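Protein chains in written order, with the entry's author numbering: chain B, 55 to 108; chain A, 2 to 54.
Positions of the beta carbon are idealized from the N, C-alpha and C atoms, including for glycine.
Given below as structure tokens:
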């Protein structure tokens, strides 16, 4: 806002600019894959596969 | 002055301690165990998965 100086400020709050910026989220980022038996055989292999995806 | 059980126990213990001490590089590399468990067929050509891209 412009510098507002003085005791009396009549009709000086009005007229100020409020500007906006736009964001488009769009579509999700997917990682679509298949889970095989070796991945699910134990916790560590599953964690390795999910870690590779993430 | 050694009986058979003590022979086996001391031998296994000494092998484990000595191998695990003087091998620093083999300990840094990842250890893999394959589910195949083959029997005296040179195992197999174990095909190991690699990370997907």
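Candidates the options: closest to residue i by CA position
i, options, result
"residue 68 of chain B", "B/75, B/61, B/56", "B/56"
"residue 88 of chain B", "B/61, B/107, B/82", "B/107"
"residue 70 of chain B", "B/76, B/58, B/79", "B/58"
"residue 32 of chain A", "A/49, A/39, A/40", "A/49"
_Residues of the stretch 82-93 of chain B whose Cβ lies closer than 8 Å to any Cβ of chain A, in chain order_ = Against chain A - using a Cβ distance shorter than 8 Å - the residues of the stretch 82-93 of chain B are 87, 92.
_Near-chain B residues of the stretch 37-54 of chain A (beta-carbon distance less than 8 Å), N- to C-terminal order_ = Along the stretch 37-54 of chain A, going in chain order, the ones with a CB nearer than 8 Å to a CB of chain B are 50, 52, 53.
_For a minimum of 4 consecutive residues, which ranges assigned as the alpha helix (DSSP H) are wholly contained in the stretch 4-31 of chain A?_
Counting only runs of 4 or more, we get 5-22, 25-29.
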